[PDB]
Structure formats: structure tokens, C-alpha cells
Amino acid sequence: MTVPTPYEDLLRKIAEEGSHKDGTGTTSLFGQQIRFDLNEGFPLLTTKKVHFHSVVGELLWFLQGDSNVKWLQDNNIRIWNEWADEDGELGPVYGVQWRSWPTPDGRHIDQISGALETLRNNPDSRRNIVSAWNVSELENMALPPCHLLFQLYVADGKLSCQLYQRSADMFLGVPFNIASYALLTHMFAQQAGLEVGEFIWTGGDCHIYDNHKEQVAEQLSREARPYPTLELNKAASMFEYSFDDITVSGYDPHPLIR
Amino acid sequence: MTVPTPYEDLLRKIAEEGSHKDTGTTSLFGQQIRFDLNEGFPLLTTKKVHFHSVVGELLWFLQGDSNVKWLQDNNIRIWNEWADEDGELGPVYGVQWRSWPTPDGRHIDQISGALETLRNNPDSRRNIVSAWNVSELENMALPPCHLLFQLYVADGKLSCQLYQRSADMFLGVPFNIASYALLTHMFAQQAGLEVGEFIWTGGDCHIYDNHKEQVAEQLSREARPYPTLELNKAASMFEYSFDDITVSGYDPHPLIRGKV
Ligand SMILES: O=c1ccn([C@H]2C[C@H](O)[C@@H](COP(=O)(O)O)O2)c(=O)[nH]1
Ligand SMILES: O=c1ccn([C@H]2C[C@H](O)[C@@H](COP(=O)(O)O)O2)c(=O)[nH]1
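In terms of determination method and resolution, the entry is listed under X-ray crystallography at 2.75 Å.

Draft legend 1. Representation of the environment of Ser179(B) within the structure. Residues and elements named next belong to chain B. Residue placement: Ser-179 occurs in helix 6 (residues 173–191). Overall, the relative accessible area of 6% leaves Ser-179 in the buried class. Taking the C-alpha atoms as reference points, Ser-179 and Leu-58, 121 residues apart in sequence, are found 6.7 Å from one another. Setting aside chain neighbours within four positions, we find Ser-179 in contact with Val-54 and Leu-58.

Draft legend 2. Spatial organisation of the sheet that holds strand 7 (residues 157–168) of chain B. Residues and elements named next belong to chain B. If you walk across this open sheet you meet the six strands as 1-2-8-7-6-5, and the pairing is mixed. Strand pairing shows two members of the sheet lacking a second neighbour, strand 1 (19–20) and strand 5 (128–130), which therefore form its edges. With two bridges joining them, strand 1 and strand 2 (residues 25–36) adopt antiparallel strand pairing. Looking across to strand 2, one finds that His-20 is bridged to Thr-26. Lying over the sheet, helix 5 (residues 110–120) contacts strand 5, strand 6 (146–153) and strand 7, oriented at roughly 170° with respect to strand 5.

Draft legend 3. Focus on helix 5 (residues 111–121) of chain A. Here helix 5 of chain A has its buried residues at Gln111(A), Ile112(A), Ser113(A), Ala115(A), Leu116(A) and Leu119(A). Regarding helix 5 of chain A, its N-cap is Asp110(A), as a side-chain oxygen of that residue lies 3.4 Å from the backbone nitrogen of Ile112(A) further along.

Draft legend 4. Up close: the packing of aromatic side chains. Residues and elements named next belong to chain A. In the structure shown here, the tally under the stated rule is 29 aromatic pairs over all chains. When the centroid spacing of 6.2 Å and the interplanar angle of 70° are considered together, the rings of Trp-98 and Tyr-181 count as edge-to-face. Of this pair, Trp-98 sits in helix 4 (residues 94–100) while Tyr-181 sits in helix 6 (residues 174–190), and the two are 83 residues apart along the sequence. The structure contains a cluster of three or more aromatic residues connected by ring pairs, namely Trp-61, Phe-62, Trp-80, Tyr-94, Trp-98, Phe-150, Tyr-181, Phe-188 and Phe-199. In this structure, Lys-48 is placed above the aromatic ring of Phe-171, and the distance from its NZ or CZ to the ring centre is 4.4 Å.

Draft legend 5. Examining the nonpolar core more closely. Counting 90 residues, the largest nonpolar core has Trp97(B), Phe149(B), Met169(B), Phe187(B) and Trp200(B) as its most contacted members. Here this core takes 11 residues from helix 6 of chain B, the largest share from any one element. Membership of the second largest hydrophobic core comes to 73 residues, among which are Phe52(A), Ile112(A), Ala115(A) and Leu116(A).

Draft legend 6. View of the site of ligand 2. In the vicinity of ligand 2 there are 13 residues, among which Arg127(A), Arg165(B), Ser166(B), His206(B) and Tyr208(B) approach most closely. Mapping the residues near ligand 2 onto chains gives chains A and B. The contact in question runs from an oxygen atom of ligand 2 to an N or O atom on the side chain of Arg126(A), over 2.9 Å. The contact in question runs from an oxygen atom of ligand 2 to an N or O atom on the side chain of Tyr208(B), over 2.7 Å. Relative to its unbound accessible surface of 450 Å², ligand 2 loses 73% to contact with the protein. Those elements giving two or more residues to the shell around ligand 2 turn out to be strand 7 and strand 8 (194–208) of chain B. Class assignment of the residues belonging to the shell around ligand 2 gives a composition of three nonpolar, six polar and four charged.

Draft legend 7. Focus on the interface of chain A and chain B. Chain A puts 50 residues into the contact, and the matching count from chain B is 47 residues. Taking both partners together, chain A and chain B bury about 3900 Å²; carbon and sulfur atoms supply 55% of that area. Of all residues in chain A, the largest losses of buried area upon contact with chain B belong to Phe30(A), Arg126(A) and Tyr153(A), amounting jointly to 21% of the total for that side. Among the ionic pairs, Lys21(B) bridges to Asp124(A), the shortest N-O distance being 3.2 Å. Seen at the junction of chain A and chain B, the total is 26 residue pairs in polar contact.

Draft legend 8. Representation of the pairing of strand 9 (residues 228–231) of chain B. Residue and element names in this part refer to chain B. Because side chains alternate across strand 9, one face comprises the buried residues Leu-229 and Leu-231, and the other comprises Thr-228 and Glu-230, none of which is buried. Sheet topology note: the strand 9/strand 10 (residues 245–248) ladder contains four bridges and is antiparallel. In the sheet register, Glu-230 faces strand 10, and the bridge partner there is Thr-246.

Draft legend 9. Structural view of the site of ligand 1. Around ligand 1 sit 13 residues, and of these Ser167(A), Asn177(A), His207(A), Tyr209(A) and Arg126(B) come closest. Of the chains in the model, those with residues near ligand 1 are chains A and B. Separating an oxygen atom of ligand 1 from a backbone N or O atom of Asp169(A) is a distance of 3.0 Å. Contact between ligand 1 and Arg126(B): an oxygen atom at 2.8 Å from a side-chain N or O atom of the residue. Burial of ligand 1 by the protein amounts to 74% of the accessible area it has alone, namely 460 Å². Put simply, the parts of the chain that give the shell around ligand 1 at least two residues each are strand 8 (158–169) and strand 9 (195–209) of chain A. Its residues assigned to classes, the shell around ligand 1 shows three nonpolar, six polar and four charged.

Reading guide: rules and limits
- All residue numbers given refer to positions from 1 along each chain's written sequence rather than to the entry's numbering, and residues for which no coordinates exist are omitted.
- Note on labels: chains are lettered from A, ligands numbered from 1, in written order.
- The basis for every side-chain value is the complete set of heavy atoms in the structure, and neither hydrogens nor water enter the calculation.
- Working definition: helices are DSSP H or I runs of at least four residues, strands are E runs of at least two. Numbering for both runs from the N terminus.
- Only protein chains enter the calculation, and the probe is 1.4 Å; a residue is then buried if its accessible area is under 20% of its type maximum, exposed if over 50%, and partly exposed in between.
- Whether two residues are in contact is decided by their heavy atoms: any pair within 4.5 Å suffices.
- Any two strands with at least two DSSP bridges between them are considered paired.
- Interaxial angles span 0 to 180 degrees and are taken between N-to-C directions of axes, which are lines fitted to C-alpha atoms, for helices over the stretch in contact.
- We define a polar contact as two N or O atoms separated by no more than 3.5 Å, with the added condition that, inside protein, one atom must be a possible hydrogen donor and the other a possible acceptor, whereas residues neighbouring each other in sequence contribute only through side-chain atom pairs.
- For this analysis, a ring pair means two rings from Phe, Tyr or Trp (six-membered ring only for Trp) whose centres lie within 6.5 Å, classed as stacked if their planes differ by under 30 degrees, edge-to-face if by over 60, and tilted for the remaining angles.
- Charge-over-ring contacts are defined here by two conditions on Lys NZ or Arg CZ: a distance within 6 Å of the ring centre and an angle within 35 degrees of the ring normal.
- Throughout, nonpolar core names a set of buried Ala, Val, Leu, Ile, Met, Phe, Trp, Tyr and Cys residues whose side chains join them through atoms within 4.5 Å.
- The nearness test applies per residue and asks whether one of its heavy atoms lies within 4 Å of the molecule or strand.
- Values of accessible area rely on a 1.4 Å probe in the Shrake-Rupley scheme; residue burial ignores everything except the protein chains shown.
- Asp, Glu, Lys and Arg are counted as charged, while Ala, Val, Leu, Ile, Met, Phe, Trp, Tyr, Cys and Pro are counted as nonpolar; the rest, among them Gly, fall into the polar class.
- Summed over both partners, the accessible area (1.4 Å probe) lost when two parts come together is defined as the buried area.
- Salt bridge criterion: a side-chain nitrogen from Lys or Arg within 4 Å of a carboxyl oxygen from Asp or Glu.

Here's what the structure looks like:
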């Protein structure tokens, strides 16, 4: 009464008032913001089929902090393949910065387990930040980080997460990005015994490619169903979740577009 | 002829809807403010914002120095409590902007890089500048607060989004807006671009308790039109001087005072 549509709302807004940049064309707006109350449903979009298994597998692998694509393939996820080299290696992308941001001693920082310690010990911390925008290592990455930083925050025993995402393919990328951080934020809350607050997605260039005009125009005509809800069995730590611990229930998306 | 007040709007929202905590704060997380820069210079008029200091800290960031000295020599004491016997701060803000240390022993000038791509690849969706150098955090007197920003070009107009992890809504934020707005102006002038929006996205946006009355006083004032920024095209991004930056037609309500 009704179902919130912060995503489709932004989707629409860009199509109507985005300006046009020019190897295929786009219409963009800059600096937008989406937010979901996580208690209020799991934000896996229903106006089109968002494949959740790959959302989950990417995340578990981000969390392993490994830069070889193997474990994805071994688990039937090929979304990173095209960027891998012959040996299946991508450079120090997302997970690698997250678990092992290198320092000029011999060592590395684990911002994930870092971030966890400060949830448990200091929830009011105003500096609970993970970053993958490691300026000095970008040259070595297959692809410069897109969703490049997020911040954790606690109010009334409820965890919120904000994501800064530099560039957003509204149609193909975003929905997938938001389901992935919504899940990570659920994992964080569970591993520190807290309820879930909001996920805030904040973007730079939020864009629709010209070749999505018809597809977007379509999704935009469908009415939303209620969001599914997330079922999460508690693993022993952030780094020991498996596919079996993670399911959505009551997910009834409209059919895929594309 | 209505004056947008997104800053005050957020202030109002935090006071009305925020979440209290324990020297205490009331807070909201993940908030955004935008100004149309072509609509004037976002120097608050619901209270006198000191500008010379804003301009001072910026020039300082941009010359990229660990030391506090240039600021002392120009009557800016605001970083004095943080610096050691030598006036040294560690590789805070400006050191990362101009010389983010590479593992191959070099340094990345991000400001130059950003300008370079404003000029050569304006469409680029990767024009990032960051101060959040995880590996240097611990050498910093203070961890970066306004910690990354992105540039973007729409229709010849330049826009800037700042991500700021933590926000003293009353005391620090108005300086932060002024500073970044002036910053985006400097980028645009040099790139030969016009000005679009400035966007302030914050993480933990709080009003400190010891500022309740100061905030109600401010909220109680009808706002005045923003001054306009007169900026004189210096030779590079790094050649700007106080002579170069003034604000005209600035009509603020009386100074409101708070401490930390
Ligand atoms: O997690 C991601 C990664 C990439 N993209 C999209 C946005 C851009 O269209 C493209 C990245 O290209 P550049 O912004 O670097 O040009 O991929 C996303 O939407 N989400
Ligand atoms: O540019 C700045 C730097 C700091 N702060 C505020 C936010 C916090 O109240 C305090 C920084 O302290 P921590 O959040 O890191 O504890 O100062 C600002 O408002 N603007």
C-alpha cells in the first residue's frame, strides 16, 4: 500500500530529465541517491528478474579476497570471465583491496575484519569505511572499481550501510549492485548481532545507455510486486558463509528483459 | 524569488527526525544536499560564514604540504592543535591530492590528473579524487573527513559530488560546502567549463547537543540571496591567491557562535 519503488523512481527520473552524453550514447544525471528500509523487504527488484545466485557468489568471492576468477567458474558464475587474463587472474580488484589493501611495510590491511571489529567494539564510530579506490593500484586492475566505497552506521541497535558508486548503468548494473550491498549489510549485521536499518545507494554518473530505451520503457510500465525476504543462516564468521546459508523467499519478479 | 535552502532543510530534518546518542549527538545517516552553482555561491546567509579561512585552507590543500606553516603565516590557526613541534601533520588531505605515494616509489598527482581529464576526457566516469589512503591513515594526525570527490560534465557545465563520512552540521559543514563549491569553480574556470551542481553527500550527519539553541536560532531566520563569486583566472590550479578570490553582495544574518 503501495510497494516502494526508489529504484524505478530514479530510473524514470533520468529518462525524463537526464541530459545526453556521447562508444554508444547515454542519458545521465549526476549525484543521485536511492534508499531502502531493509526491514521492509529485501531489495531484489521485482519489475524484472535479477539473478540472485550470481549476486551471492560474487559477494562470497569478494569476501574471500581472491583475484582469480576460478572459484566463480567452479560455481557456474562467468560474469567476470571476459576481463580475466589467460590464467584467470584480474589484478587486485574489489575483494583484494577489501581484505588486503597493501602497506609499505611488508604487510596489508584487512578492512573487512577491520570494519567488523569496530562494529562490535565501537558502533558509534564515524569512520567505519571500506574503500576499494586504492589510487596506487588501479593500473594493475582489469577494470577500475565502480562501487568503490561504503560506510557503516548504527542507530538503535540497527545497522545501516551507504555505498558510493561512481558510475551506474541504471538498467543492467545498478539492480545487481544494490542486491549485493543489501546482502553484505545483512551479513555484517548478523555477525555483530544487530538489526538492519537502511541501505543507501549513492551514485555518480547514473546513466541509461541509448540501447536500453525500449527495455527501460518496458520495465517502467510494470507494477511492482512486494520484495522477497532474505533468509540467512548465521555462518561462523563473515568469511565462512556459503550458498546454502543464503536464500530469498517469496520472490516473484516479472520476466527478464534482454 | 525563493532562496533554496538545502543546507538548512537537512538541518531541520536532522533536528526533527534524527537519532539521539551519548558529549551527545542527534544524527541521520546518508544525506545529500545539492546547490545550483549558477544560482549563486553557497555561502550560507542564515549566519555569517567566515570565508577568508575557507579560501586559505583550500590554497593550502592544493599546494600539497604536510606542514602547517603557510597557514600560520597567513593567520589561520585552525590546524595548530594537530601539528607536532615541527608543524608537521602527516600526509593528510592535500598530500594525498598531489602526491598519493605509489609502491614503485613515485607519487600520483590526482588534481593534475583530474584537470587533465576534464580537458581531454570530460565524459569520463572515473574522474575521482581521494584522500582515503588506507595505507597512510595511521600516519595522519586526523583521518580524512571530506574524503573523496567526483567530477562530472553535463552540457559544458561541471559538477562535483563530495562524499563526507562525518558532518558537524552546525560547525563544520558550512565551511565544507563553501570550500568544495569554491573548489569546483576553480576546476571549471581552468578547464574552460561552466558550472553545474555541487552535491554534498554525507555519512554520519549530526547536530551536537551543545548546539541546540544555536540551531533553533539559525532555523528561525529567513534566508537571503546567495552572494556571487568573483574569481580571477590564475595561471594554473596551483597559482591562485587571496587577491584572486572575493565574494560580492554578501548579506548574512548575524554571526552565530558555537564551540566544539
Ligand atoms: O558494478 C558495476 C560495474 C560497472 N557498471 C557499469 C557502469 C558503466 O556503464 C560501466 C563502467 O564503465 P566506466 O564508468 O568505467 O566507463 O559499467 C555498473 O553499473 N555497476
Ligand atoms: O571537515 C570536517 C572535519 C570534521 N568534521 C566534524 C565531524 C565530526 O563531528 C568531527 C570529526 O570527528 P570524528 O567524526 O572523526 O570523530 O568533526 C566536519 O564537520 N568537517
